[PDB]
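Peer 1: Protein chains in written order, with the authors' numbering: chain A, 6 to 66, 69 to 102, 114 to 348; chain B, 5 to 20, 27 to 102, 114 to 285, 289 to 327, 329 to 346. Can you keep this structure in mind? I'll have questions shortly.
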Amino acid sequence: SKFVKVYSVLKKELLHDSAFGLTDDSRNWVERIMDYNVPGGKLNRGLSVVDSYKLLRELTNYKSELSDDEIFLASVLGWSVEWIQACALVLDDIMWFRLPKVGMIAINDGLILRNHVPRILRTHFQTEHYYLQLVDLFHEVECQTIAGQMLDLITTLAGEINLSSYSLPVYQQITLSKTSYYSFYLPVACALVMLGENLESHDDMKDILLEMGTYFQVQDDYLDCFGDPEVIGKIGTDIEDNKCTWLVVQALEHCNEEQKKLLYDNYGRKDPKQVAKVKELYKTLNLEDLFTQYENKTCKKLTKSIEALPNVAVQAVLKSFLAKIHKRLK
Amino acid sequence: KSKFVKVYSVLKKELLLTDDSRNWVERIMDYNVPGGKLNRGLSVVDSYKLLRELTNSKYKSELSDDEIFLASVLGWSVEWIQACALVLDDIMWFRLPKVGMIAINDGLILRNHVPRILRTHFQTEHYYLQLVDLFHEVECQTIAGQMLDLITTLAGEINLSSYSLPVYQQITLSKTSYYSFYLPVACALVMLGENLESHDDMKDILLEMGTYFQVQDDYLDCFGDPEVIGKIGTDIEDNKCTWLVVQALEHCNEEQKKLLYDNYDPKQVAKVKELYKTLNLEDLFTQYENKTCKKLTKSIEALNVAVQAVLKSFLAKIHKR
Numbered sequence: 006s007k008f009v010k011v012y013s014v015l016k017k018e019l020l021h022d023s024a025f026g027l028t029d030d031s032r033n034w035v036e037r038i039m040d041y042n043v044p045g046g047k048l049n050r051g052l053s054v055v056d057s058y059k060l061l062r063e064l065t066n069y070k071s072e073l074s075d076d077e078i079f080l081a082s083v084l085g086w087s088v089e090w091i092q093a094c095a096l097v098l099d100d101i102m114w115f116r117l118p119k120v121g122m123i124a125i126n127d128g129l130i131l132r133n134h135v136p137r138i139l140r141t142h143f144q145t146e147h148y149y150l151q152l153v154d155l156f157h158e159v160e161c162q163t164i165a166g167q168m169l170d171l172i173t174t175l176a177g178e179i180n181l182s183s184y185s186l187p188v189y190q191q192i193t194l195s196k197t198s199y200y201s202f203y204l205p206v207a208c209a210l211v212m213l214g215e216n217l218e219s220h221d222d223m224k225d226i227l228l229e230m231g232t233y234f235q236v237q238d239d240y241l242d243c244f245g246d247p248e249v250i251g252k253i254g255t256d257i258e259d260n261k262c263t264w265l266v267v268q269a270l271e272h273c274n275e276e277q278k279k280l281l282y283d284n285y286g287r288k289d290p291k292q293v294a295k296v297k298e299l300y301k302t303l304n305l306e307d308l309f310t311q312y313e314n315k316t317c318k319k320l321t322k323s324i325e326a327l328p329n330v331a332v333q334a335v336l337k338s339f340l341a342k343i344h345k346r347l348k
Numbered sequence: 005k006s007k008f009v010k011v012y013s014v015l016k017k018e019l020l027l028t029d030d031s032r033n034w035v036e037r038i039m040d041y042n043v044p045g046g047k048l049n050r051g052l053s054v055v056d057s058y059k060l061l062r063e064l065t066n067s068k069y070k071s072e073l074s075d076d077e078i079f080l081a082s083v084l085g086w087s088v089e090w091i092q093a094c095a096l097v098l099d100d101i102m114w115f116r117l118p119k120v121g122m123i124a125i126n127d128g129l130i131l132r133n134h135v136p137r138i139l140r141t142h143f144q145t146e147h148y149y150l151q152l153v154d155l156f157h158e159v160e161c162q163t164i165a166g167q168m169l170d171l172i173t174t175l176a177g178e179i180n181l182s183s184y185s186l187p188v189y190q191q192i193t194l195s196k197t198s199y200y201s202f203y204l205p206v207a208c209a210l211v212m213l214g215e216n217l218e219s220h221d222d223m224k225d226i227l228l229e230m231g232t233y234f235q236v237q238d239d240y241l242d243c244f245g246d247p248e249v250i251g252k253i254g255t256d257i258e259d260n261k262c263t264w265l266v267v268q269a270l271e272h273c274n275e276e277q278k279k280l281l282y283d284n285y289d290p291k292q293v294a295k296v297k298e299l300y301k302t303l304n305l306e307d308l309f310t311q312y313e314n315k316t317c318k319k320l321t322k323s324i325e326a327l329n330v331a332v333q334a335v336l337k338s339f340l341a342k343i344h345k346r
């Protein structure tokens, strides 16, 4: 319910005393990029820092209080997460010779945004013990995000010509490196490092959180096709947009040459009739049930692995995440 | 001369206790980083040598063995950056994302080495944080160039009109110019204990000097003495976004544009290079070269003469090669 006012705070800090942002007209220029890319509603990820910090602190042990400045710093890390998300997504909406110019514009927008996170961390965490551990954490996620984004770029462009480019290892690598790292690992890891701990003793939680991010994106991908548009509020467009959906990949693995030509001849096309031809081929593969298998299997696998963690509070946080994502329609 | 024995010790500290896949990481390291040339590592040391031989605090002498070591450690960090920047240039339709996935993860392994190098060897210095800023800046500019070059090279397979001067200049600037010319000098400067944000004028010079160097490369790869270079120019065959192609596409506004579209086999490649000749291009190079050299010489002399001596040394080692 609390509205995270911190966004305007950080914008005022960066746009004033910092290192750049001198000319009034450059200050306005930077602000337009900032507000177009970062505070785009949703904000489920950055708060998950706060929910994680709140549950970790409520269940640890003595030293036990609650400061407003603590909430402030946790929310600042949450906004750093939203900045990372913004940089990861800069290249997602493409719509030939006009393409390098468009990419150059987008790249340089995201280039501007990547140079804000270090200033935020320095301004607000220079003096803390865990500052370097935080910078390590963000450099890891930053570089993994960048790797996934570069692979996604190769795939989406090579996906325009010949759909056979979409494969399960490529989809899983993009989903893991581009998305899963910043979305699920980084929030909890931020709450952990701010409590003054070392991530090198939580490698088991990382694999769980990373796989849950892949599960969350496979959840997303499935909903973008079979999810009651009246509940979502919008119609699934992934098939029109020629996206690298979990569904398309699993189809191309299990389909045959007659079904492959059906996918080659229809997928990507704007024609609605063809999108339905695709969705019917998805049903014809009985994919829905394969999804139910993947979901049930992943949930049991994660539940088992989670309950085996020592820190019971971490177990509570991951269980909270899993129970909030499970079989969701939103 | 300086036999840089030390890569063994750097690799040994990093490698060394890791399952038995240690060799796999080691093969990526020595396949990608040590190439022998190492012009991106020695220019670091030579630059520190000139910057150090200028600060006349008492009597100019020789750098301590530990000093040479740390300067060489940064130069090799530079070589790591260079290796990561170039991981994707030997790309070779589909099958591109699988190849790219291998390459990106190779560069990811090497990208996770530079922070460990700096921490092990610069944890205690004042300027350590300035190093992390500098390397993240150059790394991110490098990554930006790689993404634009990627989009551009793919859009270069489809329609030759895609290659344009702003895209070429941005690629040259972000992908190459930062680590090649700025980064060495900036490393030597940060070890001298200086704030890079007081040298923005030198940065503009070095970045343009890197773009100037790549236009030079493009020119030699086409109108050279292969006996002096030791290699035949393939850029026109390889369908690269050459300085020549963009300048051609600006001026070829008729049947000459179609002649170039129906090209890119040496039977055709010779028709291209002859069409390049038709546009007095050699003269445009000499004009661009003389103009940029005088402009850069002016901007440099317009600058701490120590910075000027280093930049002038770079330009005099590059000029008209």
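All C-beta atoms in this analysis are idealised placements derived from N, C-alpha and C, irrespective of residue type, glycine included.
Return no unless some Cβ of chain B is closer than 8 Å to the Cβ of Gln277(A).
Peer 2: To locate residue 277(A), count along the first sequence from 1; it is residue 259. Taking Cβ atoms only, chain B never reaches closer than 8 Å to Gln277(A), which makes this a no.
Peer 1: On the CB-based measure, 16 or more other CB atoms within 10 Å of its CB, does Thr263(B) come out buried or exposed?
Peer 2: The count along the second sequence starts at 1 and reaches residue 263(B) at position 242. Buried is the call here.
Peer 1: Check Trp34(B) in the structure and name its three-state DSSP category.
Peer 2: Counted from its first residue, the second sequence places residue 34(B) at position 24. Residue state, collapsed to three classes: helix.
Peer 1: Kindly list the residues whose CB is nearer than 7 Å to the CB of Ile226(A), restricted to its own chain and excluding five residues on each side of it in sequence; keep chain order.
Peer 2: Residue mapping note: residue 226(A) aligns to position 208 of the first sequence, counting from 1. Same-chain partners within the cutoff: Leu320, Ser323, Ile324 and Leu336.
Peer 1: Which residues of chain E have a Cβ atom closer than 8 Å to the Cβ of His157(B), listed in chain order?
Peer 2: Checking the listed chains, one finds no chain E in this structure; the protein chains it contains are A and B.
Peer 1: Report yes or no: is there a C-beta of chain B within less than 8 Å of the C-beta of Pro290(A)?
Peer 2: Translated into positions along the first sequence, residue 290(A) becomes position 272. For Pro290(A), the answer is no, since every Cβ of chain B falls outside 8 Å of its Cβ.
Peer 1: Could you check which residue in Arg116(B), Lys345(B), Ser182(B) and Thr316(B) has the C-alpha nearest to that of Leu281(B)?
Peer 2: Along the second sequence, read from residue 1 onward, the residue named residue 281(B) stands at position 260. Residue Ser182(B) is the option with its Cα nearest to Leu281(B).
Peer 1: Considering only residues of the same chain and omitting the five flanking positions on each side of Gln277(A), which have a CB-CB separation below 7 Å?
Peer 2: Along the first sequence, one-based indexing puts residue 277(A) at 259. If we look at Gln277(A) and ignore the five residues flanking it on each side, its Cβ neighbours are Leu299.
Peer 1: Have a look at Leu48(A), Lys16(A) and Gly45(A) and flag the residue whose alpha-carbon is nearest the alpha-carbon of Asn33(A).
Peer 2: For this step, residue 33(A) is matched to residue 28 along the first sequence. Selected option, being the one with the closest Cα: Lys16(A).
Peer 1: Report the rounded CA-to-CA distance for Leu96(B) versus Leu340(B), giving the unit in angstroms.
Peer 2: Here the question's residue 96(B) lines up with position 86 in the second sequence. Here the question's residue 340(B) lines up with position 315 in the second sequence. Cα to Cα, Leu96(B) sits roughly 24 Å from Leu340(B).
Peer 1: Compare the Cα-Cα distances from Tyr12(B) to each of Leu84(B), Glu36(B) and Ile257(B) and report the closest residue.
Peer 2: Here residue 12(B) corresponds to residue number 8 of the second sequence, with the count starting at 1. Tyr12(B) has its Cα closest to that of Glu36(B), out of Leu84(B), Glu36(B) and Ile257(B).
Peer 1: Quick check for students: name the residue ranges of the alpha helix (DSSP H) that lie wholly in the stretch 125-168 of chain B, counting only runs of 4 or more.
Peer 2: 135-143
Peer 1: Just reading off the alpha helix (DSSP H) that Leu15(B) is part of, what are its end residues?
Peer 2: As a first step, residue 15(B) is located in the second sequence; it is residue number 11 there, counting from the start. Segment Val11 to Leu19, the alpha helix (DSSP H) holding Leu15(B).
Peer 1: Just to make sure I have the definition right: I need the residues of chain A whose C-beta is within less than 9 Å of the C-beta of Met223(B). Which are they?
Peer 2: In the second sequence, residue 223(B) corresponds to position 202, counting from 1. Those within 9 Å of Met223(B) in chain A number zero; the least Cβ separation is about 17 Å.
Peer 1: Excluding sequence positions up to five away, which residues of its chain have a Cβ less than 7 Å from the Cβ of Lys5(B)?
Peer 2: Translated into the one-based positions of the second sequence, residue 5(B) becomes position 1. If we look at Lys5(B) and ignore the five residues flanking it on each side, it has no Cβ neighbours.
Peer 1: Inspect the beta-carbon positions of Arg62(A) and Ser201(A) and report whether they are closer than 8 Å.
Peer 2: Sequence index remark: in the first sequence, residue 62(A) carries index 57 (1-based). Sequence index remark: in the first sequence, residue 201(A) carries index 183 (1-based). Going by C-beta atoms, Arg62(A) is not nearer than 8 Å to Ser201(A).
Peer 1: Between the stretch 185-200 of chain A and the stretch 157-165 of chain A, do three or more beta carbon pairs fall short of 8 Å?
Peer 2: yes
Peer 1: What number of angstroms, rounded off, separates the C-alpha of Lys70(A) from the C-alpha of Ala207(B)?
Peer 2: If you number the first sequence from 1, residue 70(A) lands on position 63. If you number the second sequence from 1, residue 207(B) lands on position 186. So the two alpha carbons sit approximately 46 Å from each other.
Peer 1: DSSP three-state label for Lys261(A), please.
Peer 2: Counting from 1 along the first sequence, the entry for residue 261(A) is found at position 243. Of the three classes helix, strand and coil, the one that applies to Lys261(A) here is coil, per DSSP.
Peer 1: Which ranges would you report for the alpha helix (DSSP H) in the stretch 160-217 of chain B if only whole runs of at least 4 residues count?
Peer 2: DSSP runs (the alpha helix (DSSP H)) wholly in the stretch 160-217 of chain B: 186-192 and 204-212.
Peer 1: Would you mind telling me which residues of chain B sit closer than 9 Å to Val335(A), beta carbon to beta carbon, in chain order?
Peer 2: Stepping through the first sequence from its first residue, residue 335(A) is reached at position 317. What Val335(A) touches in chain B: nothing, since even the nearest Cβ is about 27 Å away.
Peer 1: List, in order along the chain, the chain B residues whose C-beta lies closer than 7 Å to that of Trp86(A)?
Peer 2: Counted from its first residue, the first sequence places residue 86(A) at position 79. Result: empty, since nearest Cβ-Cβ is about 19 Å, beyond 7 Å.
Peer 1: How should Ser23(A) be labelled, buried or exposed, when 16 other C-beta atoms within 10 angstroms of its C-beta is the threshold for buried?
Peer 2: Within the first sequence, the letter at position 18 stands for residue 23(A). Exposed, by the Cβ-count rule.
Peer 1: Just checking: is the beta-carbon of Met168(B) within a distance shorter than 8 Å of some beta-carbon in chain A?
Peer 2: Within the second sequence, numbered from 1, the residue matching residue 168(B) stands at position 147. Closer than 8 Å to some Cβ of chain A, the Cβ of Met168(B) qualifies, so yes.
Peer 1: Using a 10 Å radius around the Cβ and a threshold of 16 neighbouring Cβ atoms, would you call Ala93(B) buried or exposed?
Peer 2: Along the second sequence, one-based indexing puts residue 93(B) at 83. Residue environment: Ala93(B) is assigned as buried (16 or more neighbouring CB atoms within 10 Å of its CB, all protein chains considered).
Peer 1: Report buried or exposed for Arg132(A), applying the criterion of at least 16 other Cβ atoms within 10 angstroms of its Cβ.
Peer 2: On the first sequence, position 114 is the one that residue 132(A) refers to. It counts as buried.
Peer 1: I need the boundaries of the alpha helix (DSSP H) containing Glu275(A), first residue and last residue.
Peer 2: Along the first sequence, read from residue 1 onward, the residue named residue 275(A) stands at position 257. Element bounds for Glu275(A): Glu275 to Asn284.
Peer 1: Secondary structure at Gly121(A), three-state DSSP: helix, strand or coil?
Peer 2: As a working note, residue 121(A) is residue 103 in the first sequence. Here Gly121(A) sits in helix by DSSP.
Peer 1: For the stretch 258-274 of chain A against the stretch 290-305 of chain A, are there 3 or more C-beta pairs whose distance is under 8 Å?
Peer 2: yes
Peer 1: Among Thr28(A), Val332(A), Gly85(A) and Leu20(A), whose alpha-carbon lies nearest the alpha-carbon of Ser219(A)?
Peer 2: Mapped onto the first sequence, residue 219(A) falls at position 201. Out of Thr28(A), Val332(A), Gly85(A) and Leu20(A), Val332(A) has the C-alpha closest to the C-alpha of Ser219(A).
Peer 1: Give the DSSP-derived three-state secondary structure of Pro44(B) in the structure shown.
Peer 2: As a first step, residue 44(B) must be located in the second sequence, where it is residue number 34. Of the three classes helix, strand and coil, the one that applies to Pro44(B) here is coil, per DSSP.
Peer 1: When the distance is taken between beta carbons, is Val293(B) closer than 8 Å to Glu258(B)?
Peer 2: As a first step, residue 258(B) must be located in the second sequence, where it is residue number 237. As a first step, residue 293(B) must be located in the second sequence, where it is residue number 269. Closer than 8 Å, so yes.
Peer 1: Measure the C-alpha to C-alpha separation of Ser31(B) and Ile253(B) and round it to an integer number of angstroms.
Peer 2: Residue mapping note: residue 31(B) aligns to position 21 of the second sequence, counting from 1. Residue mapping note: residue 253(B) aligns to position 232 of the second sequence, counting from 1. Rounded to the nearest angstrom, the two C-alpha atoms are 39 Å apart.
Peer 1: So, is the C-beta of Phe115(A) closer than 8 Å to a C-beta in chain B?
Peer 2: Your numbering for residue 115(A) matches position 97 in the first sequence. Cβ-Cβ to chain B under 8 Å: yes for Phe115(A).
Peer 1: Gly177(A) and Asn260(A): beta carbons closer than 8 Å?
Peer 2: For this step, residue 177(A) is matched to residue 159 along the first sequence. For this step, residue 260(A) is matched to residue 242 along the first sequence. Yes, they are a contact pair.
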